Amino acid sequence: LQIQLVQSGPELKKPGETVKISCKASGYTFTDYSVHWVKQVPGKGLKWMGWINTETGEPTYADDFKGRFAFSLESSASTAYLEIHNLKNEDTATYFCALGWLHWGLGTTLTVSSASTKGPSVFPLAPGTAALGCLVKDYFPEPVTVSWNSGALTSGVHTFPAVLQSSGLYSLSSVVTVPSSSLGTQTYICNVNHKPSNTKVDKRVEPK
Amino acid sequence: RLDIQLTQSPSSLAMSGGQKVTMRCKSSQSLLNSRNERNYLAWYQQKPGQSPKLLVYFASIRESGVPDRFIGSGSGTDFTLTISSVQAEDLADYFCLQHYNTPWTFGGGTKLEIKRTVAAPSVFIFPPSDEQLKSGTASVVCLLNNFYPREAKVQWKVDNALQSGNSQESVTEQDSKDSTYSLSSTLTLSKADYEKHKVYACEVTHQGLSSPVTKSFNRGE
Ligand SMILES: [Cl-]
């Protein structure tokens, strides 16, 4: 039985709130290894947060993580927690529990925003090669998925990483290049899925 | 209890496929434990959008399920990660970790990409759709498609006036097949502003272009 750490699911919070993340362990004697926590900020490095002793229950924090951060345990449940108080936008990150350098969890994603859940609007980017696409505007939170023609069209497809607008909503576009000779014969549909808002859109993109 | 700096270099790297890649991690304190003769240094690979993955531990020991083209070496304060023959799937950020003293510290990472021949982008401009215009906003999209290297400049001109502060850019990860990048620039204007002017253009400057290329459109054609 291989070591297993199960981390709680994606977290969406507003500034000022509190979040408690869980790490559920099995496949070994819980009190044999300390649990470490690691913060990964998107597009940036890794920051070690500190650790908790699973025998004693004593937490040790890295300097940048004193005050708003707390590690704790429920030993009878082989579980470790990270709690963050008084959330700030900048707590937005993925958090990994780990048994040192060796065994990591899949991570827990935390988004801190004053924005409220919202489904995108899908607009066409109308077109020997032509480009066309779909503009997926003003949604929150991430992610959206885009495919083209139910997934049958993959070659030449670029779906851009989303950008955060000032409004606090995200926005992205997805494009594909196809033969210009096909604009008259082949229909192009972008399929947009935004699960948080349960929004599914199919948009026909035709030349004008 | 002692602050240890790890310094990784170079900070970013571009190698041709199949060639050797070398990256360094120097520590401010020796990571060598005289008790057991182990260096408490580990290397991780982290691919765009993924969690970190342990490649080698105790400086030189390859983790199982790590291709043998990865080799960790060095001792004390100087450590090296070598990729004997770089592959497209090696596109990632590489971090070293010291766990000799608390607090544990990561290096700043080395970004690895594939170098390929220079390739000019294909530029496309997209006017706002009539449907978006109905909601009081107008997004104009410029697309730079399949180019290398990554560095590119895009600027918007409305009625030949240079724009500033109103556009946003996004770049794909390196394509695993043709090793290129693509980029979108999105110019955002109120329906109001958009009706005011007539000529919308984006100008692209890239090493693959003998001179800056421009695509443009006139509102209402
Ligand atoms: Cl322990």
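Chains B and A are the protein sequences, given in the same order. Positions 0 to 52, 52A, 53 to 82, 82A to 82C, 83 to 96, 101 to 126, 136 to 154, 156 to 157, 162 to 169, 171 to 180, 182 to 200, 203, 205 to 226 (PDB author numbering) are the ones given, in order, by the first sequence. Positions -1 to 30, 30A to 30F, 31 to 213 (PDB author numbering) are the ones given, in order, by the second sequence. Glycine included, each C-beta is placed from N, C-alpha and C at the ideal position.
Are there 16 or more other CB atoms within 10 angstroms of the CB of residue i, so buried, or fewer, so exposed?
i	result
B:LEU0	exposed
A:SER176	buried
A:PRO95	buried
A:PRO120	buried
A:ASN137	buried
B:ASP86	buried
B:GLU72	exposed
A:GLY41	exposed
B:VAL40	exposed
B:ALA75	exposed
B:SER189	buried
A:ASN31	buried
A:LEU135	buried
A:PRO8	exposed
A:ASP82	buried
A:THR74	exposed
A:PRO204	exposed
With DSSP as the reference, label residue i as helix, strand or coil.
i	result
B:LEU4	strand
A:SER203	coil
residue 233 of chain B	Examination of residue 233 of chain B is not possible in this model, given that chain B is present from 0 through 226 alone.
A:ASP122	helix
A:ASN158	coil
B:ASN162	helix
A:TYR186	helix
residue 262 of chain B	What the structure shows of chain B is the stretch from 0 to 226, and residue 262 of chain B is not part of that stretch, so it cannot be assessed.
B:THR30	helix
A:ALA193	strand
A:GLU81	helix
A:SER171	coil
A:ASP70	strand
B:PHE63	helix
B:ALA114	coil
B:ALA75	helix
A:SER56	coil
B:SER182	coil
B:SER197	helix
B:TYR206	coil
A:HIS91	coil
A:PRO8	coil
B:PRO151	coil
B:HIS102	strand
B:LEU187	strand
B:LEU11	strand
Compute the distance between the beta-carbons of residue i and residue j, then report whether it is under 8 Å.
i	j	result
A:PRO59	A:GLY200	no
B:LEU4	B:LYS23	yes
A:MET21	A:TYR86	yes
A:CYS88	A:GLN6	yes
A:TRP148	A:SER162	no
B:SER21	B:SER7	yes
A:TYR192	A:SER174	no
B:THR173	B:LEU184	no
A:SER131	B:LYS145	yes
A:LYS107	A:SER168	no
B:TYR206	B:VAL223	yes
B:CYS92	B:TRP36	yes
A:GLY101	B:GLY15	no
B:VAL121	B:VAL210	yes
B:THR217	B:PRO151	no
A:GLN38	A:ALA111	no
B:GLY106	B:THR89	yes
B:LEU80	B:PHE69	yes
B:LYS13	B:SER113	yes
B:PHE67	B:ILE51	no
A:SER28	A:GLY68	yes
B:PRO194	B:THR108	no
B:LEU11	B:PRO149	yes
A:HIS198	A:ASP151	no
A:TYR36	A:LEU47	yes
A:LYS45	A:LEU125	no
Could you check whether the Cβ of residue i sits closer than 7 Å to any heavy atom belonging to ligand 2?
i	result
A:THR129	Annotation note on ligand 2: not contained in the displayed structure, which lists ligand 1 as its ligands.
Please write down, chain order preserved, every residue whose beta carbon lies under 7 Å from a heavy atom of ligand 1. B:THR30, B:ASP31, B:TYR32, B:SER33, B:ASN52, B:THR52A, B:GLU53
Where the region 39 to 67 of chain A meets chain B: residues whose CB sits under 8 Å from a CB there: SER43, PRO44, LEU46, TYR49
With 8 Å as the limit, tell me which residues of the region 186 to 198 of chain B have their beta carbon closer than that to any beta carbon of chain A; keep them in chain order. For the region 186 to 198 of chain B, residues whose beta-carbon sits nearer than 8 Å to a beta-carbon of chain A comprise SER186, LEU187, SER188, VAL190, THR192.
Give me the subset of the region 133 to 160 of chain A whose CB atoms are less than 9 Å from a CB atom of chain B, sorted by chain position. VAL133, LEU135, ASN137, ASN138, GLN160
Residues of the region 69 to 95 of chain A whose Cβ lies closer than 9 Å to any Cβ of chain B, in chain order: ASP85, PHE87, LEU89, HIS91, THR94, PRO95
Which of the residues in the region 109 to 126 of chain A, read from start to end, lie with their CB under 7 Å from any CB of chain B? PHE116, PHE118, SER121, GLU123, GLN124
Using a Cβ-Cβ cut-off of less than 9 Å, list which residues of the region 192 to 210 of chain A approach chain B; keep chain order. none
The region 171 to 185 of chain A: positions lying closer than 9 Å to chain B by Cβ: From the region 171 to 185 of chain A, only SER174, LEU175, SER176, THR178, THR180 have a Cβ closer than 9 Å to chain B.
At a CB distance below 7 Å, what residues from the region 24 to 43 of chain B approach chain A? Give them in sequence order. none
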